[PDB]
Structures are given as C-alpha cells and as structure tokens.
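Q: Got a structure for you, questions after.
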Amino acid sequence: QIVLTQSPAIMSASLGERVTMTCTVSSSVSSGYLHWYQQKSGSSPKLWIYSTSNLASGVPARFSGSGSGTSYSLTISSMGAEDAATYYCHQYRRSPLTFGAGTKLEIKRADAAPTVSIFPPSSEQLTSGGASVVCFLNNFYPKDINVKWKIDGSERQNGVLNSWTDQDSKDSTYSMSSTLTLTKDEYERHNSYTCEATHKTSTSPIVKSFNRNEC
Amino acid sequence: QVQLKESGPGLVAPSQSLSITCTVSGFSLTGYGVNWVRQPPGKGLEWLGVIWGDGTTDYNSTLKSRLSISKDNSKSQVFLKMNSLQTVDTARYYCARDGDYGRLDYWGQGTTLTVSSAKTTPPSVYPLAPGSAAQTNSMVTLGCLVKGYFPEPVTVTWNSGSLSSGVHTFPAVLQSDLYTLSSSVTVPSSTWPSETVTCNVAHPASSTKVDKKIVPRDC
Amino acid sequence: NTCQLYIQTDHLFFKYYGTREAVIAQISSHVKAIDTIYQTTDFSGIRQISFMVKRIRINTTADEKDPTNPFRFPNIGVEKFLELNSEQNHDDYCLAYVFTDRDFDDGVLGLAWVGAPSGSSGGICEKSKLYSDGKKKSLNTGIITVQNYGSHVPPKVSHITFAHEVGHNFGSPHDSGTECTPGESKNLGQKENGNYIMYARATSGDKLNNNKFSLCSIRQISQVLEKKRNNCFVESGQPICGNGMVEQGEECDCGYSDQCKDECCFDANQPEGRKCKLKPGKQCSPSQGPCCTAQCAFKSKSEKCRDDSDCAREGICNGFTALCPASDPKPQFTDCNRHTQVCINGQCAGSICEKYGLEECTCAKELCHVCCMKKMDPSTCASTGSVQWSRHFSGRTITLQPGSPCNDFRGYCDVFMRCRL
Ligand SMILES: *[C@@H]1O[C@H](CO)[C@@H](O[C@@H]2O[C@H](CO)[C@@H](O[C@H]3O[C@H](CO)[C@@H](O)[C@H](O)[C@@H]3O)[C@H](O)[C@H]2NC(C)=O)[C@H](O)[C@H]1NC(C)=O
Ligand SMILES: [Ca+2]
Ligand SMILES: [Zn+2]
C-alpha cells in the first residue's frame with residue numbers, strides 16, 4: 001500500500017506570496033506517474049499538474065511542479081485570488097490508487113474580530129417542545145476559534161452543534177454558527193445562558209449572554 | 001470532446017444495493033481506463049476501483065467484498081455496483097478517465113449519494129431576532145433557524161432575494177438523522193424593524209415554502 | 001540499419017513448440033540472430049545494419065479449422081506456400097516472413113524472393129504491385145521451416161537458414177566459384193573453413209566461414225543498398241510497444257488490442273505510460289518469460305521451464321524471476337542426436353568421432369555412414385564399422401540421421417540412407 005503524505009496540510013498566503021506543497025511517497029515511483037489536482041468548493045477536481053512538471057491545458061504559468069523518487073513539490077510563484085483551493089497529489093503506478101491527504105490553501109487577510117450575536121429560543125419553538133439557543137460568529141479571521149457554552153456560568157458539554165462557512169469571496173473572512181439545543185423543561189429550569197468565544201484577536205474571550213427572566 | 005456523466009439514485013436506504021452508470025463520450029473505453037472515486041462530505045478523494053480498457057478490474061482493498069465494476073464498450077457505459085450500503089457510504093461519487101501515465105485528465109460532474117433511513121420531513125423554520133434590548137451598533141443581526149429536515153437541499157433567501165449582502169448561510173449539519181441549517185443577515189438599525197425582514201425557506205423534497213417575518217421579541 | 005519486420009507462424013510451428021511463449025521465444029531469437037549476423041558484416045552502405053520486428057501473428061491449431069486460412073492444408077508446396085504469404089498487404093513493413101514446421105521435398109528449408117537493386121521486383125524494399133493475373137502480392141516476403149526429411153533442425157541451422165533467404169531479399173544470389181565456395185576447393189586450409197551463407201546446398205556446424213556472408217555476397221548486396229535502402233530502410237531508436245517481445249523500456253508486451261489475451265499487461269493500444277507496462281497489483285506477465293502464469297505471479301517451484309535435453313539438464317521454474325533458470329549440463333561426452341554427436345558442456349555439435357579423438361570425414365550406400373579419421377590425415381578416413389576403429393566402436397556402424405549433410409555438403413541423407421543431392 002503506497003501512502004502519499006501531503007504537507008503542509010493547511011496553508012495561509014497573501015496575494016503575491018509564494019507557496020510550496022510537498023508529497024512524500026512510501027516507495028519510490030517514477031516521476032511520470034505523479035499528478036496534481038485542484039478542487040474548489042462544490043466542484044469536481046481538475047487535472048492541474050500532470051507528470052510532475054507538466055501543467056494541464058489552461059492552468060496558469062504561475063504554477064510549477066518538481067520532484068523525483070520520493071519527494072514531490074507544487075509551487076505557486078505569485079499567489080493569486082483564484083488559487084485558493086485544495087490540492088491533491090495522485091499516483092497509480094502501483095496499486096492501490098491513492099490520493100494525498102490534501103493541502104488546504106487558504107488566502108490570508110488581516111486579522112478580524114468575530115461579531116458575536118446570541119439569540120434566545122423563539123416563542124414559536126417553545127410551543128413545540130424544543131429549545132435551541134443559536135449564537136452567530138460572523139466575519140472573523142483566522143478560522144482558528146473556540147466556542148464554549150455556559151449554562152448559569154457552568155460549562156455545558158451536550159447539545160452544542162456547529163457549522164463553518166467557507167472563506168467569503170469578498171472579504172476573505174469566515175463565519176460560524178453555534179446552536180445549543182436542549183429540552184423545554186431543562187430550558188425553563190435555568191436562567192443565564194452564556195455564549196463565550198475565544199479568538200486570536202481577543203485578549204479576553206468575547207462574552208455574549210442573555211437571561212430567561214428579562215422580558 | 002471528452003465527457004463523463006454519472007447517473008446515480010441520489011437517495012438510498014441503508015442495507016440496499018447501488019447501481020451507478022457512468023456515460024462517457026469523446027473516447028473509446030477500449031483504449032482508456034475508468035476509475036471510480038468517491039468523496040465524503042467534508043473529506044478528501046477516496047478511491048473505489050477501476051476497470052481497464054481490456055476489461056480487467058482493480059478494486060479498493062477494504063471494499064472488494066461489496067464493490068463490483070463492469071462496463072459496456074458498445075454503449076460507452078461504466079457501471080458501479082455496491083452491496084450492503086452503510087450510513088457512512090454517503091459521498092459524491094465520480095468517474096474519471098485513466099489517461100497517459102494514469103492521469104485523471106477528465107472528470108465527471110459527480111452524483112451525490114445519500115444513505116439514510118430517515119423519512120422525508122419538512123423543516124421547522126424559526127425566527128431569530130434579538131430582544132427589545134440595546135442595539136450593538138448601527139447594524140442589527142437577524143437570522144433564521146432551519147431545524148430538522150430531510151433530505152437536502154433547502155433554499156434560504158431573504159426578502160425574496162432583494163436582501164443579499166450581509167447574508168451568511170451556514171452549511172447544514174446532521175444533528176440526528178435530520179439536517180439543521182442556520183442563516184443570518186445584518187441590516188442597519190434604520191431598516192429593522194422599520195422595514196419588514198422575512199427569510200424564505202424552500203424545501204423541494206417536501207414541496208414546502210415558508211416565509212417567517214422577523215418580528216422583535218416583546219418584553 | 002533497422003528494417004521493420006513482420007513475422008508469422010502457422011499451426012504446425014505452434015504445435016511443435018507447444019505454447020505461444022515458446023514460439024515467440026523462437027522468433028525473438030531469429031531476429032536477433034540475423035541482427036548480429038548482418039551487423040558484424042561490413043556492408044558498403046553503412047558499417048552496420050540490424051533488424052526490428054513491428055508485429056507478429058501466431059496461428060494456433062485452432063486456426064486449422066478456420067476455412068479462411070489457406071495455410072491449414074497439411075500438404076502445401078514450398079512455392080505455393082510463399083505465394084500465399086505474398087497475396088497479403090504488407091506495405092507497413094520492409095519485409096514479412098512466415099515460419100512453419102513442414103517437411104518440404106528435396107530438402108527445401110527456406111524460400112524468398114530475390115532482391116533486385118533496380119529494374120525488377122522482389123526481395124527487400126518492394127511494395128505491393130498489381131502485376132499480372134490480378135492478385136496484389138507483396139514480393140517482400142520469405143518462408144522458413146524447421147523440419148527436413150522427417151527431422152527437426154537445430155536452432156543454429158534454423159537461425160542461419162533465416163539469414164540465407166534474407167540474403168536473397170538483400171539482393172544476394174547463391175555463392176559461385178572457388179573464391180566464394182571454399183568447401184569444394186582442392187586445398188585443406190580453405191576446405192576446413194567451409195562455404196559461406198549463400199552456399200546453394202546443405203550446411204551444418206562448421207560455424208566459421210558459413211555464419212557470415214562472402215566477398216561475392218557483399219558485392220551483390222552493395223548495389224541494392226546504395227540504391228534502395230535510402231528509400232526503404234528506417235531509423236534506429238527505442239523499441240516499439242506491441243511486437244510481442246519484452247524489450248528494454250517496457251515491462252511486458254502482449255501485442256495490440258486484437259492480439260493481447262494477457263490479463264497482466266496493458267496492450268499497445270493503451271495510453272503512453274501504461275502501454276507495455278505491468279498492470280497494478282500484478283508482478284509478472286507470460287510475455288516476460290515462461291516461469292509465470294496467467295494469474296500474474298512468479299511461478300512455483302518444481303515446474304518444467306526447460307525439459308531435460310540430450311546435452312542440457314532441465315531448467316526448473318521458481319519465484320525469483322519470470323524466466324527459465326539457465327539450463328546446466330549433465331555428464332560430459334554423452335551421446336546426442338542418436339549416437340551421431342557428443343555432449344560436451346551443453347551443445348550437440350561436431351560429430352561422434354571427437355569422442356575418441358577423431359574427426360568426421362566423407363566416406364569413400366556408404367555416404368550416409370559416419371566415416372571417422374585419424375587427426376589431420378584424410379587418408380586414414382575409415383567408417384565407424386571399419387577394422388581400424390574396431391577397438392572403440394566394437395563394430396557397430398553408426399549411421400547418419402535423416403536430414404544430415406553428406407558427400408561434402410552436396411545433399412542430405414533421407415530415411416533410406418541415401419545421400420540425395
Ligand atoms: C492465420 O490464419 C488467418 C485466418 O484467420 C490467415 O489470414 C487469412 O489470410 C488470407 C490471405 O492469405 C486472407 O485472404 C482471404 O480472403 C480474401 C478476401 O479478403 C481472398 O481474396 C483470399 O483469396 C483469401 O481467401 C484472409 O482474409 C485471412 N483471414 C482472415 C480471417 O483475416 C493467415 O494467413 C494465417 N497465417 C498464416 C501464416 O498462414
Ligand atoms: Ca515491444
Ligand atoms: Zn538459397
């Protein structure tokens with residue numbers, strides 16, 4: 001079983017910067033059999049670099065591939081706005097056909113603070129029997145962020161559901177949704193619900209809270 | 001030119017058989033191989049198998065028990081059959097040509113496969129509005145919670161598409177055999193609740209449309 | 001320098017060797033034979049000249065029941081056998097040969113068209129022309145057979161017989177005169193060397209003057225080259241994928257799409273990088289060698305790669321590679337070819353006379369008898385049943401096998417012990 005280790009698995013780069021990816025195979029393959037592919041969100045992969053150093057039909061000249069034996073590289077001379085995607089290296093000289101782990105190339109912007117917004121469960125949902133406390137964390141950077149839920153100052157482990165958006169096309173920021181869900185009887189037995197966010201751009205964690213007894 | 005198009009059932013129940021047809025064009029299947037590559041939601045490319053131009057097959061080591069790949073050279077069709085589909089078989093299944101030196105030069109659009117025993121369920125749309133408390137800034141954040149629906153997709157728009165900027169529609173998350181989607185919008189305090197803000201949730205699989213007027217909570 | 005050959009084999013040639021790998025190994029060694037013979041010969045055109053095969057066609061015994069195959073008839077004359085091969089379209093190849101296992105009358109082994117340097121047609125460098133009688137034949141053809149007078153010929157004579165008829169293709173007639181046929185010379189120094197390739201009669205085993213062309217043949221081939229190879233021959237380069245032989249740069253070679261029945265090899269119609277390459281998960285291909293099965297695996301131990309021969313002990317497969325283990329000899333000086341020659345280090349050459357320090361000689365109904373001699377003196381040439389060698393042979397008169405040269409290479413001995421010229 002040939003393995004294709006891809007590193008770095010996560011890369012941030014600004015416009016004009018130069019990035020370099022790596023794939024190290026477990027057994028030396030001929031250079032003519034390793035290929036690179038680019039895949040954007042919601043789209044099928046596209047042959048990018050084939051036979052290591054040959055760019056496919058249409059991919060820009062700022063791309064290049066090098067390597068031989070065990071190590072292989074993919075280098076972008078000038079980071080463009082359209083090159084933010086996930087890249088894979090591919091081999092089928094020996095069975096089984098294996099892809100690399102995948103390198104996530106994110107474009108880098110200035111640091112941004114998350115605009116946190118917390119919402120109590122609506123009056124309509126309480127009629128049904130559920131209680132979901134949604135806490136939005138929109139437009140921030142980088143993606144590294146930790147969201148914790150506290151019920152009356154006590155951290156809660158269950159019911160927390162999260163979802164991240166992709167890097168926005170306009171501002172290159174990220175957004176996250178946090179939904180704390182629990183029963184109606186468990187909701188009416190507690191008062192202060194705290195949505196706390198820990199981010200790189202905050203010395204102290206941003207605290208958004210509300211009270212069930214203030215209306 | 002070279003084309004590939006896979007035809008899948010889309011939604012199957014667990015412990016059921018699978019049959020996907022990969023209609024190709026532009027080349028002859030006798031001189032090119034065709035690989036099957038599935039991709040789980042939010043994961044990397046995962047190889048399934050391959051059928052060569054001469055009819056020989058090579059499969060994924062852990063899936064040879066269930067996987068089976070045949071083809072039809074005259075009709076330019078490659079077939080992918082699976083047995084005892086588990087819930088974790090949900091992915092987007094591609095078929096790609098095995099070109100010079102094994103390059104996957106031409107891919108298909110891929111077909112989404114969902115493996116779940118969940119019955120079709122329309123979502124319970126909920127309005128997300130702040131209390132009658134203090135504004136954060138010139139802008140207020142409004143949202144909608146699209147909870148508990150099956151299957152995907154769901155169309156979420158604001159003010160019938162008029163309100164587009166400041167909208168963040170988060171990808172759905174399977175809580176427990178049901179999808180839950182969140183979407184927020186940021187508007188100036190001069191707009192809400194002066195104007196009317198309403199999110200439009202459309203669940204095609206249930207033929208359900210919902211329009212929830214975002215009204216401030218009352219203290 | 002390199003001329004793209006097209007070699008065919010009928011079902012008689014396939015039935016004798018008994019798999020497709022065995023006949024392919026025979027035609028691979030025949031091309032490399034005339035490759036080495038012509039390269040080591042100084043021709044007037046260029047200092048070197050080699051050969052290359054472009055495609056093969058192995059007809060099996062299943063083709064004997066094919067009504068469209070005109071080679072299925074067991075009784076086919078050597079002239080009509082070459083006419084059948086001509087009637088095909090061979091414009092993609094400089095030459096086209098067909099190997100068979102037929103016993104042609106009067107000791108005929110090979111037959112090919114004579115190559116004219118100009119003013120005629122046939123031999124090397126001829127495209128299909130209309131001619132007369134309305135059949136479009138390709139006169140760039142030749143035939144060979146490996147059986148003569150009910151006896152299979154050894155590969156050394158079989159490889160040379162290829163180079164003989166190819167000489168006529170290259171424009172060389174038969175050798176004539178004393179200056180180019182030293183076998184009939186009245187000088188012991190020239191007679192020991194023997195005749196040349198283009199000798200008109202039987203040849204076997206002299207191996208010095210017979211393996212390469214003559215001063216006469218070089219002159220006649222010189223004109224065909226200087227005027228036809230410029231427009232006929234092609235370049236030297238990397239070996240092509242699809243000729244059924246495993247060359248350097250490729251791991252396997254089963255043929256094209258309509259020829260490849262190998263589940264271990266991508267055919268020649270596959271894209272670059274995988275054509276003539278081993279399929280993933282497979283570790284061999286029968287095209288590499290006889291020591292590996294159709295299930296793509298180095299063969300198990302104690303299986304016949306090479307069978308026990310007269311002068312060669314059996315080579316036996318195991319899983320170290322796809323090839324035979326090189327065969328090794330049994331006790332030295334054993335009798336081979338039915339007491340006609342000896343076994344010394346893996347070859348059945350020479351004669352039985354060399355077993356007791358003697359040399360073969362031409363007797364003087366007794367021509368198909370083995371006449372030995374005291375060394376260096378042809379006046380001491382006596383039969384194996386003579387009173388001179390009665391101490392060794394004890395009297396038994398060893399007779400020459402059918403299809404053996406006799407009477408100073410003027411003919412063969414038949415099954416009735418007659419030296420037929
Ligand atoms: C191996 O068997 C082959 C048969 O499968 C045989 O090929 C046959 O070759 C003949 C000419 O020698 C072809 O010609 C026949 O058909 C044409 C019409 O197209 C007639 O005009 C001819 O008179 C003749 O009947 C055959 O078409 C061809 N058969 C096939 C199926 O292509 C090879 O010659 C055999 N190989 C050897 C070395 O004998
Ligand atoms: Ca070859
Ligand atoms: Zn001759």
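Following the order of the structure tokens, first chain is A, next is B, and so on, with residues numbered from 1 inside each chain and ligands from 1 in the order they appear.
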Which residues, written as a list in words, have at least one atom at most 12 Å from residue 363 in chain C, with only C-alpha atoms counted and residues fewer than 3 positions away on the same chain left out?
A: residues 360, 366, 367, 368, 369, 370, 371, 372, 373, 378, 379, 380, 381, 382, 383, 384, 385, 386, 399, 400, 406, 407, 408 and 419 of chain C
Q: Produce as a list in words the set of residues near ligand 2, where near means within 10 Å with only C-alpha atoms and all ligand atoms considered.
A: residues 52, 53, 54, 55, 238, 239, 240, 241, 242, 243, 244, 245, 246, 247, 248, 249, 250, 251, 252, 253, 254, 255, 268, 275 and 276 of chain C
Q: If the cut-off is 8 Å, can you tell me the residues of chain A near chain C, counting only C-alpha atoms? I'd like them as a list in words.
A: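 That gives residues 32, 33, 92, 93, 94, 95 and 96 of chain A for chain A.
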Q: Write out, as a short mmCIF file (atom, residue, chain, number, x, y, z; two decimals), in the first residue's frame, the residues just selected, with C-alpha atoms.
A:
data_model
loop_
_atom_site.label_atom_id
_atom_site.label_comp_id
_atom_site.auth_asym_id
_atom_site.auth_seq_id
_atom_site.Cartn_x
_atom_site.Cartn_y
_atom_site.Cartn_z
CA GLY A 32 5.94 10.38 -14.85
CA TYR A 33 3.14 8.93 -12.73
CA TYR A 92 -1.37 4.91 -9.81
CA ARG A 93 1.96 3.42 -10.84
CA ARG A 94 1.38 0.78 -8.14
CA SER A 95 -1.85 -0.49 -6.64
CA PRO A 96 -3.87 0.64 -4.88
#
Q: Could you list the residues in chain B lying within 12 Å of chain C, using only C-alpha atoms, and format the result as a ChimeraX atom specification?
A: /B:27-33,49-61,97-103
Q: Please produce an output containing N, CA, C and O atoms for each residue in the selection, written as an mmCIF file, in the first residue's frame.
A:
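Contents of the output file result17.cif:
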data_model
loop_
_atom_site.group_PDB
_atom_site.id
_atom_site.type_symbol
_atom_site.label_atom_id
_atom_site.label_comp_id
_atom_site.auth_asym_id
_atom_site.auth_seq_id
_atom_site.Cartn_x
_atom_site.Cartn_y
_atom_site.Cartn_z
ATOM 1 N N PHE B 27 -14.074 9.474 -26.299
ATOM 2 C CA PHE B 27 -13.019 8.475 -26.398
ATOM 3 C C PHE B 27 -13.637 7.085 -26.344
ATOM 4 O O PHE B 27 -14.815 6.914 -26.025
ATOM 5 N N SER B 28 -12.819 6.085 -26.659
ATOM 6 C CA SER B 28 -13.236 4.690 -26.636
ATOM 7 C C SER B 28 -12.786 4.047 -25.331
ATOM 8 O O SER B 28 -11.622 4.173 -24.940
ATOM 9 N N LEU B 29 -13.712 3.356 -24.663
ATOM 10 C CA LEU B 29 -13.394 2.684 -23.409
ATOM 11 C C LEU B 29 -12.404 1.541 -23.585
ATOM 12 O O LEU B 29 -11.876 1.048 -22.583
ATOM 13 N N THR B 30 -12.144 1.109 -24.820
ATOM 14 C CA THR B 30 -11.201 0.022 -25.051
ATOM 15 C C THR B 30 -9.753 0.477 -24.917
ATOM 16 O O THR B 30 -8.879 -0.340 -24.605
ATOM 17 N N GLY B 31 -9.479 1.760 -25.148
ATOM 18 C CA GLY B 31 -8.141 2.302 -25.026
ATOM 19 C C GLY B 31 -7.905 3.195 -23.829
ATOM 20 O O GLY B 31 -6.847 3.835 -23.756
ATOM 21 N N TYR B 32 -8.844 3.272 -22.888
ATOM 22 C CA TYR B 32 -8.681 4.077 -21.687
ATOM 23 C C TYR B 32 -9.377 3.385 -20.526
ATOM 24 O O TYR B 32 -10.427 2.761 -20.704
ATOM 25 N N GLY B 33 -8.784 3.501 -19.337
ATOM 26 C CA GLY B 33 -9.421 3.013 -18.136
ATOM 27 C C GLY B 33 -10.302 4.065 -17.484
ATOM 28 O O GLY B 33 -10.179 5.261 -17.742
ATOM 29 N N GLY B 49 -12.505 1.891 -7.302
ATOM 30 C CA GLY B 49 -11.981 0.868 -8.174
ATOM 31 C C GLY B 49 -11.662 1.434 -9.538
ATOM 32 O O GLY B 49 -11.629 2.650 -9.737
ATOM 33 N N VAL B 50 -11.429 0.527 -10.482
ATOM 34 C CA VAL B 50 -11.097 0.904 -11.851
ATOM 35 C C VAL B 50 -11.325 -0.308 -12.740
ATOM 36 O O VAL B 50 -11.086 -1.448 -12.333
ATOM 37 N N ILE B 51 -11.813 -0.056 -13.951
ATOM 38 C CA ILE B 51 -11.933 -1.076 -14.981
ATOM 39 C C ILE B 51 -11.102 -0.630 -16.176
ATOM 40 O O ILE B 51 -11.218 0.515 -16.629
ATOM 41 N N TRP B 52 -10.245 -1.520 -16.660
ATOM 42 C CA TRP B 52 -9.300 -1.166 -17.706
ATOM 43 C C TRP B 52 -9.934 -1.314 -19.087
ATOM 44 O O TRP B 52 -11.064 -1.785 -19.239
ATOM 45 N N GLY B 53 -9.182 -0.892 -20.105
ATOM 46 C CA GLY B 53 -9.691 -0.948 -21.465
ATOM 47 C C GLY B 53 -9.949 -2.358 -21.951
ATOM 48 O O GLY B 53 -10.819 -2.578 -22.797
ATOM 49 N N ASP B 54 -9.207 -3.328 -21.428
ATOM 50 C CA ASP B 54 -9.360 -4.723 -21.816
ATOM 51 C C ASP B 54 -10.383 -5.465 -20.968
ATOM 52 O O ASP B 54 -10.649 -6.641 -21.234
ATOM 53 N N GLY B 55 -10.958 -4.815 -19.957
ATOM 54 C CA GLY B 55 -11.946 -5.436 -19.101
ATOM 55 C C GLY B 55 -11.436 -5.899 -17.754
ATOM 56 O O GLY B 55 -12.207 -6.498 -16.995
ATOM 57 N N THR B 56 -10.171 -5.648 -17.432
ATOM 58 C CA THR B 56 -9.625 -6.042 -16.143
ATOM 59 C C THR B 56 -9.993 -5.016 -15.077
ATOM 60 O O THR B 56 -10.132 -3.821 -15.355
ATOM 61 N N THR B 57 -10.150 -5.494 -13.846
ATOM 62 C CA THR B 57 -10.583 -4.658 -12.737
ATOM 63 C C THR B 57 -9.543 -4.655 -11.625
ATOM 64 O O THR B 57 -8.793 -5.620 -11.445
ATOM 65 N N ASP B 58 -9.510 -3.550 -10.885
ATOM 66 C CA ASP B 58 -8.714 -3.419 -9.671
ATOM 67 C C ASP B 58 -9.530 -2.601 -8.683
ATOM 68 O O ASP B 58 -9.994 -1.508 -9.020
ATOM 69 N N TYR B 59 -9.716 -3.130 -7.478
ATOM 70 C CA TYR B 59 -10.635 -2.551 -6.509
ATOM 71 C C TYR B 59 -9.888 -2.046 -5.280
ATOM 72 O O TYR B 59 -8.688 -2.276 -5.105
ATOM 73 N N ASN B 60 -10.627 -1.343 -4.424
ATOM 74 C CA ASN B 60 -10.111 -0.903 -3.135
ATOM 75 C C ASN B 60 -10.105 -2.088 -2.175
ATOM 76 O O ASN B 60 -11.078 -2.843 -2.108
ATOM 77 N N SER B 61 -9.005 -2.244 -1.432
ATOM 78 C CA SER B 61 -8.767 -3.478 -0.688
ATOM 79 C C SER B 61 -9.900 -3.791 0.285
ATOM 80 O O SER B 61 -10.315 -4.948 0.410
ATOM 81 N N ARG B 97 -11.451 9.391 -16.311
ATOM 82 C CA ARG B 97 -10.674 8.620 -17.271
ATOM 83 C C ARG B 97 -9.237 8.461 -16.792
ATOM 84 O O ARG B 97 -8.644 9.389 -16.236
ATOM 85 N N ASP B 98 -8.679 7.272 -17.015
ATOM 86 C CA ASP B 98 -7.286 6.975 -16.691
ATOM 87 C C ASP B 98 -6.463 7.190 -17.957
ATOM 88 O O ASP B 98 -6.373 6.303 -18.810
ATOM 89 N N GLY B 99 -5.861 8.366 -18.077
ATOM 90 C CA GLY B 99 -5.162 8.770 -19.282
ATOM 91 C C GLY B 99 -3.700 8.383 -19.304
ATOM 92 O O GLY B 99 -3.284 7.379 -18.715
ATOM 93 N N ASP B 100 -2.909 9.196 -20.005
ATOM 94 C CA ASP B 100 -1.484 8.934 -20.153
ATOM 95 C C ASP B 100 -0.795 8.924 -18.794
ATOM 96 O O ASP B 100 -0.910 9.879 -18.019
ATOM 97 N N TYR B 101 -0.082 7.832 -18.509
ATOM 98 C CA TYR B 101 0.618 7.640 -17.239
ATOM 99 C C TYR B 101 -0.345 7.644 -16.055
ATOM 100 O O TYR B 101 0.024 8.018 -14.940
ATOM 101 N N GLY B 102 -1.589 7.230 -16.289
ATOM 102 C CA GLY B 102 -2.568 7.157 -15.224
ATOM 103 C C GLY B 102 -3.122 8.480 -14.752
ATOM 104 O O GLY B 102 -3.695 8.541 -13.660
ATOM 105 N N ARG B 103 -2.977 9.545 -15.534
ATOM 106 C CA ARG B 103 -3.528 10.833 -15.139
ATOM 107 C C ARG B 103 -5.048 10.822 -15.254
ATOM 108 O O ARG B 103 -5.612 10.299 -16.220
#
Q: Tell me, as number ranges by chain, which residues lie within 8 Å of range 54-64 of chain A, counting only C-alpha atoms; anything in the same chain fewer than 6 positions away does not count.
A: A: 47-48, 74-78
Q: For ligand 1, which residue out of C:112, C:27, C:84, C:305 is the nearest one, using only C-alpha atoms and all ligand atoms?
A: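 Ranked by minimum distance to ligand 1, first place goes to C:84.
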Q: Please determine the contact residues of chain B with respect to chain A at a cut-off of 7 Å, counting only C-alpha atoms, and supply them as a list in words.
A: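 On the chain B side, the interface is residues 44, 45, 47, 60, 101, 102, 103, 104, 105, 107, 109, 110, 126, 127, 128, 129, 130, 141, 170, 171, 173, 182, 218 and 219 of chain B.
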Q: Can you measure CA of residue 343 in chain C to CA of residue 311 in chain C for me? One decimal in Å is fine.
A: 5.0 Å
Q: With only C-alpha atoms and all ligand atoms as the basis for distance, which of C:347, C:40, C:147, C:141 is at the shortest distance from ligand 1?
A: C:141
Q: Please extract the residues at most 7 Å from ligand 3, counting only C-alpha atoms and all ligand atoms, and provide them as a PyMOL selection string, using the chain letters and residue numbers of this document.
A: chain C and resi 111+164-165+174+198+200
Q: Go ahead and save the picked residues with N, CA, C and O atoms, as a JSON list (two decimals), in the first residue's frame.
A:
[["chain", "number", "residue", "atom", "x", "y", "z"],
["C", 111, "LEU", "N", 12.63, -20.21, -48.61],
["C", 111, "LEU", "CA", 12.30, -19.72, -49.95],
["C", 111, "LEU", "C", 11.93, -18.26, -49.84],
["C", 111, "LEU", "O", 11.04, -17.90, -49.06],
["C", 164, "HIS", "N", 20.01, -16.87, -44.67],
["C", 164, "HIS", "CA", 20.29, -17.23, -46.05],
["C", 164, "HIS", "C", 19.25, -16.63, -47.00],
["C", 164, "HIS", "O", 19.61, -15.95, -47.97],
["C", 165, "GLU", "N", 17.97, -16.87, -46.73],
["C", 165, "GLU", "CA", 16.92, -16.35, -47.60],
["C", 165, "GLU", "C", 16.81, -14.83, -47.50],
["C", 165, "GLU", "O", 16.44, -14.18, -48.48],
["C", 174, "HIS", "N", 23.08, -16.99, -54.95],
["C", 174, "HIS", "CA", 23.87, -18.03, -54.32],
["C", 174, "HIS", "C", 25.35, -17.87, -54.65],
["C", 174, "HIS", "O", 25.72, -17.32, -55.70],
["C", 198, "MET", "N", 25.51, -17.96, -48.37],
["C", 198, "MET", "CA", 24.79, -18.11, -49.63],
["C", 198, "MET", "C", 25.26, -19.33, -50.41],
["C", 198, "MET", "O", 25.19, -19.35, -51.64],
["C", 200, "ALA", "N", 24.71, -22.81, -52.00],
["C", 200, "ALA", "CA", 23.47, -23.28, -52.59],
["C", 200, "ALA", "C", 22.97, -24.59, -51.99],
["C", 200, "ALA", "O", 21.83, -24.98, -52.28]]
